[PDB]
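The next block holds one structure in the form of structure tokens; read it before the comments.
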Amino acid sequence: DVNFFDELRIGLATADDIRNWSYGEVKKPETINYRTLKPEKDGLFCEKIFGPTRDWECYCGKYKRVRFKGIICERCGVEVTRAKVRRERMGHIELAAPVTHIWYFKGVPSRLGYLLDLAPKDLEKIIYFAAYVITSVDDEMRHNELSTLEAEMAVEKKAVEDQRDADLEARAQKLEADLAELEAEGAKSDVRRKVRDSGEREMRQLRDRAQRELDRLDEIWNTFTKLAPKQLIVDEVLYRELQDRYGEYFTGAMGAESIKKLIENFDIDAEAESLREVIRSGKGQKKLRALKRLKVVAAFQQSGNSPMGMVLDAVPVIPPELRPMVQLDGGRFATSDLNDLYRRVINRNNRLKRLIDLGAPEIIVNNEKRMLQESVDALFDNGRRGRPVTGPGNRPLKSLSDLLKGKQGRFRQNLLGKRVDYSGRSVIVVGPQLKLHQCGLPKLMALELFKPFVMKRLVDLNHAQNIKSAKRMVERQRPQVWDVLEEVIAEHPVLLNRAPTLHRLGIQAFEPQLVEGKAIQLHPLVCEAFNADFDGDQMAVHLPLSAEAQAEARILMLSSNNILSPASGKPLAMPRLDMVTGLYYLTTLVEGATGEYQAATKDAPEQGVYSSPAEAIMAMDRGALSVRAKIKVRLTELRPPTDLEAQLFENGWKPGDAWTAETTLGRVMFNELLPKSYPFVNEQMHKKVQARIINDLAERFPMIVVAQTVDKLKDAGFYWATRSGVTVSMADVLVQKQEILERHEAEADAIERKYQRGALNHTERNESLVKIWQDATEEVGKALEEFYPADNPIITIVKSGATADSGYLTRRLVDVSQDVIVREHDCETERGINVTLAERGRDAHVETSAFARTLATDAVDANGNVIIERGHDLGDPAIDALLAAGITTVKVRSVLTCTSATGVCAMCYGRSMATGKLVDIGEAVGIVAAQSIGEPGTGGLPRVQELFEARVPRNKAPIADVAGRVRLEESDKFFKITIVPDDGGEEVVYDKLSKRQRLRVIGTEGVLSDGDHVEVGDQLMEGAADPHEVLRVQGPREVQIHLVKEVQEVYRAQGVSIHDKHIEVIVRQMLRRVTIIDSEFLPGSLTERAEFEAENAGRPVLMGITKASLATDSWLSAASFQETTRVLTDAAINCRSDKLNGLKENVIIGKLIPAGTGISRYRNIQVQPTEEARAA
Ligand SMILES: [Mg+2]
Ligand SMILES: [Zn+2]
Ligand SMILES: [Zn+2]
């Protein structure tokens, strides 16, 4: 129980290993006495083997106190110890006949089948007693006696031939005697023809019954001559005949004991050398069969494991506490299915012993051995072969495999995790008065949650004498504890989560505030991160306990520290839906307002000027000023626009200096919410304009400033939403359109008096309908804005901008990329990827592809002057600065080109989308990238899975194999594209292409035509290109650019914003594997590039995420991913040892994940105060 182990390794469990584990053999299929309800001796639940029912007490009772421990009872045989051992101790069942492990027989592929070269349909007929198998043959005696046996065989065969000829003539002779009478007696052509045709029918049987015996006798001799080990005999009458005579020359058996015999005399190395040959042409499946099966043959040779482990002579028994039988509520009994499945085995194993001792015939005995074989099969994996064992109501019993996979109805692959203590949930309500770092917590929920904490401080003071008394003081809600509750709650963070959890911002930390009521008060800004609508939703609360857990909540998971979405980089706490409309109304400008500014005339001076922003407030309170007016005032504590600041001062900022501008009072009050250092804006706040502002605020200021700024925008946005005057009624909604559409409809009706005959034209018809429909839509669009002033509530809201299957893909995305973490600051690789970056005469995809990147090379202008230098954050100010220089393309580091041996590096990955700074070392990007792609799952999802699984496109598209010109040939059968190479070599033609698979689109633009030039990477037709095709054409690095290109294009069609680096992390894991061609080492197992490249013929290989995730280093992580059965068998044979490298393994065993705070450099930190501060 050291909690730290290096390796976890498996292997086939021999019958001796099973006998070593067991504390005894369970001999009876008994569970518990029906009267005493106590464990029956020598059966299941027997205390003499598994363990005592009660702590430190034996069965008979002669040893009860703890004084006797580590001893056994002489009368009952129960070791006196804790009752927990019932859960840790196993039994075993000694089998009267060997039995095969169903995992190595019915597996796909069949391990025994590939080991002994037995077809799965032939192997099933042996262990289930459907055929005989030759175990051994004596060569010397057969060769020495072959002479005499051939003589006796031909003599017996001749004696039958002599009998056939003798019996036929005698009977055929008698047929002539009957016809002699029929000539003299009744003579007709049809009276004798029947018996004549009958006589021929009678004779035809005589020939065939004698002939069929010659074949039967020929079959015995030819089988004896070519008889050899491993041969099969399904006749069983030939076999008995084969054993009646020549019975001493050979031997044979059935069932698992015969399979056990072949392994006994079997040479792995001698069977390996035969499989080592790649000659014997084997251009097709003949050699690959020997190569594919060699994986199971060479696996036994390398290690010391004996293949005998596949046939069990003993079966282990799972401890009783894991297969319990306990009395239910209301007196009913309950028990696991394993007890009945174990009972099935021990019942037949015992009856087999009775049959053997009875000298029963082999039919009964071999039938019982087959039934014994099927019980162990059902015990391990029920229903894998034949119909499963069904209990009451015809429900399949749950075997051990169902237990291990976690199959309840169909599958629950640990996605339920496990329930935790110190948790709770309730319904959530709006918390508009809360700070971003706060959350409203019901007093009762916080009381029960912190119950151990308040009990301590309550005992520290004299309110309760001892801890037992304080428990009743908290449980009965004595009013003395509420003052104590606020102390233990203060500065003690809690975690909030709303299911489903899509991205990491679905779990955040807050500062708990004691709140009246039973609901949870949630901050209105985190709703978008939680996707929490306020209609009957609930959220769960978890209380961190350890100092490390509290630190991770206050630093990593704090609500105010997580603002930017860690997918695109945009802020998620930006105001929305009311604070947008509230701020839109405050900053909007209306001419002719009550306090409108008026220029000075000869009679009176300017009336719109105010001494300070404070006066305008006093004017706003009176009926003199409207907040939306155009007044111009003087501002001191507010800084001016940067365009006008240089003209006005140019001598520095103005903390106390004054200046004058023409704005609205609302725009003044709005800019006071922003930081003092931020310049003036003076615009009506759109939804895009506010997002534009929050973005620039996040970069130039620490997030605390951005957190409190958005918090100030919430108060004003909510405050002015009420004063906004937004209300709905009949007028603002009710549909004009009646008379409009009643008129347009008659035009389409009269078109039938034309389409019938005279004026159809067959294309003016469709064109007339489309034009008239769009014309009505154009008139409807005008009527939509013709009936409402721009201040209409619905219109105002629109203007401001206020208004399940995916989980499958996400889990595979997480399964393949969960191990991808940043492990080093810089790998110092010199080669990245080119970014398009601003077509001009401005690419909208630069924010996803070019933004938050790091330059691999310097950005050089044609004039010679260098601008943003390599290794730079490539911020948005740098893009605009680069755009001014007029440069098209830039080269940028990427994780696709990262040369890091382990994971990726910080420099190649770049800026963290959430932090806005360089990504930290501990960061685990693979999971963040998987969630970033999975959440939008809610031309679509089925296409996205096609790409990540690297399957063949639904409609294949041609790619140019070489560069040159193109010859377009159009035929009815299919299009024809022939590429004339610039080299002058053999032409490349692309034939039989469906005509509906339209041609690809191209200073002069257009669509591809005859004679165009095409480079190596151009796609010839519209559609999807085979990712395996481009792999061998352009190379592995161009594949990753192509994959991300198509994946990004799908999510862009729906309006989703995901940075390319997230997709690039998933695509990085596909090409990591290379296929070793052949032999130095051996065949094309999908290996690792670095492991192969860093040590000394192979290929680059593209493969799906599901196939890639199963190829990872650890086996018990791949076992939890897909089809635990196949993974475990291979991992058992090769004795694969799991080094616990990945984080999934540590989660399974409860270790600290090797990511974030679990990294060795971070968790080994030593903390000691400076001697300068110690002495003070
Ligand atoms: Mg809801
Ligand atoms: Zn006893
Ligand atoms: Zn790198």
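Hey, among the residues in the range 1069-1090 that are in contact with a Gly (Cβ under 9 Å, 6 or more places away or on another chain) and not hydrophobic (A, V, I, L, M, F, W, C), which one's farthest from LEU275 (Cα to Cα)?
Taking the candidates together, the pick is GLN1069.
Condition check: closer than 30 Å to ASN20 by Cα and surrounded by fewer than 16 Cβ atoms within 10 Å (Cβ to Cβ). Does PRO307 satisfy that?
Spelling it out, it is not the case that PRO307 is closer than 30 Å to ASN20 by Cα and surrounded by fewer than 16 Cβ atoms within 10 Å (Cβ to Cβ).
Let's see how each residue does on (1) over 30 Å from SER1117 (Cα atoms); (2) of a type in the set (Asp, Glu); (3) within 49 Å of the chain's Cα centre (by Cα):
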site: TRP773; (1), (2), (3): yes, no, yes
site: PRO793; (1), (2), (3): yes, no, yes
site: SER806; (1), (2), (3): no, no, yes
site: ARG823; (1), (2), (3): no, no, yes
site: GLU830; (1), (2), (3): yes, yes, yes
site: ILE833; (1), (2), (3): yes, no, yes
site: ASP843; (1), (2), (3): yes, yes, yes
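If we scan the range 732-754, do we find a residue that is of a type in the set (A, V, I, L, M, F, W, C), surrounded by 13 or more Cβ atoms within 10 Å (Cβ to Cβ) and in a loop (DSSP other than H, G, I, E, B)?
Yes, some residue in the range 732-754 is of a type in the set (A, V, I, L, M, F, W, C), surrounded by 13 or more Cβ atoms within 10 Å (Cβ to Cβ) and in a loop (DSSP other than H, G, I, E, B).
Which of the residues belonging to the range 532-547 are away from ligand 1 (no atom under 15 Å from the Cβ) and either over 30 Å from the mean Cα position of the chain (by Cα) or surrounded by fewer than 17 Cβ atoms within 10 Å (Cβ to Cβ) (or both)?
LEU545, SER546, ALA547
Scan (1) within 21 Å of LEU558 (Cβ to Cβ); (2) touching an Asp or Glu at 6+ places or on another chain (Cβ under 9 Å); (3) aliphatic (A, V, I, L, M) for the single condition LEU449 breaks and write down its number.
(2)
Checking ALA446 against (1) assigned to a helix (DSSP H, G or I); (2) surrounded by fewer than 16 Cβ atoms within 10 Å (Cβ to Cβ): exactly one of these is not met. Which one?
With respect to (1) assigned to a helix (DSSP H, G or I); (2) surrounded by fewer than 16 Cβ atoms within 10 Å (Cβ to Cβ), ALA446 is out only on (2).
Kindly provide the set of residues from the range 515-526 that are within 16 Å of ligand 1 (Cβ to nearest atom) and of a type in the set (A, V, I, L, M), ordered by number.
Correct list: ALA519, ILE520, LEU522, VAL526.
Only one residue in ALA529, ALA553 is within 16 Å of ligand 1 (Cβ to nearest atom), among the small types (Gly, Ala, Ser) and within 40 Å of the chain's Cα centre (by Cα), so which one is that?
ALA529
Using the structure shown, decide if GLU511 is surrounded by fewer than 22 Cβ atoms within 10 Å (Cβ to Cβ), more than 16 Å from ligand 3 (Cβ to nearest atom), assigned to a helix (DSSP H, G or I) and not β-branched (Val, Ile, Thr).
no
Does any residue in the range 517-540 that is of a type in the set (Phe, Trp, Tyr) come within less than 6 Å, Cβ to Cβ, of a residue that is away from ligand 2 (no atom under 16 Å from the Cβ) and part of a loop (DSSP other than H, G, I, E, B) six or more places away or on a different chain, and which pairs are these?
Every condition considered, the pairs that remain are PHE530/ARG498.
Taking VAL816, is it within 16 Å of ligand 3 (Cβ to nearest atom) and surrounded by 18 or more Cβ atoms within 10 Å (Cβ to Cβ)?
no
Say we look at the range 454-504 and pick out the residues that are basic (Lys, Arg) and part of a helix (DSSP H, G or I); which of these is nearest to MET557 (Cα to Cα)?
This residue is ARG504.
Going by the conditions given, is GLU236 within 53 Å of the chain's Cα centre (by Cα) and surrounded by fewer than 16 Cβ atoms within 10 Å (Cβ to Cβ)?
yes
Check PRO605, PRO512 and return the single one that is more than 16 Å from ligand 1 (Cβ to nearest atom) and under 24 Å from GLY440 (Cα atoms).
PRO512
Among the candidates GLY1003, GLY1023, which residue alone is over 36 Å from the mean Cα position of the chain (by Cα) and not basic (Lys, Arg)?
On inspection, the qualifying residue turns out to be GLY1003.
Are any residues in the range 824-866 under 30 Å from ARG1161 (Cβ atoms) and surrounded by fewer than 16 Cβ atoms within 10 Å (Cβ to Cβ), and if so, which ones?
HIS825, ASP826, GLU828, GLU830, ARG831
Considering only residues that are under 24 Å from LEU1071 (Cβ atoms), hydroxyl-bearing (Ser, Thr, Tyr) and surrounded by fewer than 21 Cβ atoms within 10 Å (Cβ to Cβ), which ones fall in the range 890-921?
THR897, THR899, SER900, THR902
Any residue that is assigned to a strand (DSSP E or B) and within 25 Å of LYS1045 (Cβ to Cβ) - is there at least one of those in the range 864-887? Talk me through it step by step, then tell me what you get.
Residues of the range 864-887 that are assigned to a strand (DSSP E or B), as a first pass: 866-867.
Still in the list and also within 25 Å of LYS1045 (Cβ to Cβ): none.
Among the residues of the range 864-887, not one is assigned to a strand (DSSP E or B) and within 25 Å of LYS1045 (Cβ to Cβ), which makes the answer no.
Inspect the range 117-126 for any residue being buried (at least 18 other Cβ atoms within 10 Å of the Cβ) and more than 23 Å from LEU372 (Cβ to Cβ) and give the result as yes or no.
No.
Taking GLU1046, is it of a type outside the set (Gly, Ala, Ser) and surrounded by fewer than 12 Cβ atoms within 10 Å (Cβ to Cβ)?
Judged against the criteria, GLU1046 is not a match.
Please verify whether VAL944 is surrounded by 16 or more Cβ atoms within 10 Å (Cβ to Cβ), more than 16 Å from ligand 1 (Cβ to nearest atom) and farther than 23 Å from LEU855 by Cα, treating the condition exactly as stated.
Spelling it out, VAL944 is indeed surrounded by 16 or more Cβ atoms within 10 Å (Cβ to Cβ), more than 16 Å from ligand 1 (Cβ to nearest atom) and farther than 23 Å from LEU855 by Cα.
I need a count of the residues in the range 212-243 that are part of a helix (DSSP H, G or I) and not charged (D, E, K, R).
Result for the range 212-243: 13.
State all residues of the range 182-211 that are in a helix (DSSP H, G or I), of a type outside the set (A, V, I, L, M, F, W, C) and surrounded by fewer than 11 Cβ atoms within 10 Å (Cβ to Cβ); if no residue qualifies, say none.
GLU183, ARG193, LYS194, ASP197, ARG201, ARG204, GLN205, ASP208
Farther than 30 Å from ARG504 by Cβ and touching a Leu at 6+ places or on another chain (Cβ under 7 Å), is that true of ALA838? Spell out how you get there, then give the answer.
Details: farther than 30 Å from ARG504 by Cβ: yes; touching a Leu at 6+ places or on another chain (Cβ under 7 Å): yes.
Against the criterion (farther than 30 Å from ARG504 by Cβ and touching a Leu at 6+ places or on another chain (Cβ under 7 Å)), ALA838 qualifies.
Yes/no matrix, rows are residues, columns are (1) under 30 Å from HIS1062 (Cα atoms); (2) of a type in the set (S, T, N, Q):
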position: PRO566; (1), (2): yes, no
position: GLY592; (1), (2): no, no
position: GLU615; (1), (2): no, no
position: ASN651; (1), (2): no, yes
position: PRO675; (1), (2): no, no
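Assess whether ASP218 counts as being touching a helix residue (DSSP H, G or I) at 6+ places or on another chain (Cβ under 9 Å), loosely packed, with under 13 Cβ neighbours inside 10 Å and under 30 Å from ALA119 (Cα atoms). Give the derivation first.
On the way: touching a helix residue (DSSP H, G or I) at 6+ places or on another chain (Cβ under 9 Å): yes; loosely packed, with under 13 Cβ neighbours inside 10 Å: yes; under 30 Å from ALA119 (Cα atoms): yes.
Yes; evaluated as a whole, the condition is true for this residue.
For the range 888-910: of the residues being under 17 Å from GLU869 (Cα atoms) and part of a loop (DSSP other than H, G, I, E, B), which is nearest to ligand 1 (Cβ to nearest atom)?
Top of the filtered list is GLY910.
Just so you know, all these numbers are worked out from the coordinates, no wet-lab data involved. Reconstructed Cβ throughout: ideal geometry from the backbone, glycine too, with neighbour counts over all protein chains shown.
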